[PDB]
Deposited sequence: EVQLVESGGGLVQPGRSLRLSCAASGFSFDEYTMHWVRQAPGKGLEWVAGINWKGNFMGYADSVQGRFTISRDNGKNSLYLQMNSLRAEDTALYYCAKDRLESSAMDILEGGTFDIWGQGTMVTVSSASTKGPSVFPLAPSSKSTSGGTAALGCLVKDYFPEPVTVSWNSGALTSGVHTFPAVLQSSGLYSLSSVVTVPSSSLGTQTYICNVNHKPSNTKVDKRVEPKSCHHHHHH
C-alpha cells in the first residue's frame, strides 16, 4: 500500500526554522518527481517546491525563494523541506505529494499533477505563545434538550472534543473554532438529548489540546434554582 507520511510541523516564532520530512513507502520513490504543496487554513492550494527523481533539478515558489530548501534521500525514500526565516504567511498545512508522471529524465523539474498525497503536517508561525483552553459547561434547562462545553481562549489550533470518552457520538456537534480579536481561538461542542435523560444520564465532555498538553474532563449537568 502506498504511504506518504509527513512530520516536523509545529508552532514557531517568526524568523525561526523548521525542517519537514516526508517518508514514503509502497512505490518506487526514487523514480518520481516529489513536491511540497501547502494549504493555509480556510484557503486553497499553493505549490511550494519540487525536486526531480535524481535530486539535481529543483524549483521553488517565488514566496519561499532564498528561505526554503527541498531535498531528497533516495536511500531512505524520504523528502525534506528546510524552512528558514519563517513568516506568519507561511502558516499552512504542508503536504508531501507525488507527481503522476513517471520520470522521462533528461534532468528537469517537470510534471505537475499530483496523484498521491500525504495527510500533511501543520506549520504555525506566530509570536503568540501556546495557551491551553478554559472549559466551561453549557448547561441545559427549561422533547429535546441541549447541552455543551465552551472551549475558550487557546492557541494554537487544534483542539479535539469527545463526549463520555467516545461513548456519546450521535447528536454531537463540535463547531469549527473561531479566531477572537484577542488572537486566541474558541469553540463549542454541543449535543442534543431527550429531555427525560437529563435526570437519568451523565454527560462529560473530554477536551484535548495537544500543543499545551491540556486534557480536561468537564461534567455537564442541569442548573438548579
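Counting the deposited sequence from 1, the stretches lacking C-alpha coordinates are 143 to 147, 231 to 236.
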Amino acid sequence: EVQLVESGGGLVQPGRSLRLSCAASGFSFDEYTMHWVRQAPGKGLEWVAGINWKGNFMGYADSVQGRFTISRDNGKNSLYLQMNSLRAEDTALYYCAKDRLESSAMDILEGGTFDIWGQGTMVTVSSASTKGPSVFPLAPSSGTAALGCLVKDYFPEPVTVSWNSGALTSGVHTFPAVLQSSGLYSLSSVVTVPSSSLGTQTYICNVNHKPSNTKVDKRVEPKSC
From here on, numbers count along this sequence of modelled residues.
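Between the stretches 59 to 67 and 165 to 173, it is 165 to 173 that shows the larger average CA temperature factor. Annotation for 131 to 139 versus 116 to 124: the higher mean temperature factor (C-alpha) is found in 131 to 139. Take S104, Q82, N74, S85 and read off each C-alpha B-factor from the entry; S104 has the highest.
Compared with the other modelled residues of the chain, the Cα B-factor recorded for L11 ranks in the middle third. Split the chain's modelled residues into thirds by C-alpha temperature factor. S25 is in the middle one. When the modelled residues of the chain are ordered by C-alpha B-factor, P156 sits in the middle third.
Remark: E110 belongs to the highest third of its chain, ranked by C-alpha B-factor as recorded.
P41 sits in the highest third of its chain by CA B factor, as recorded in the PDB entry.
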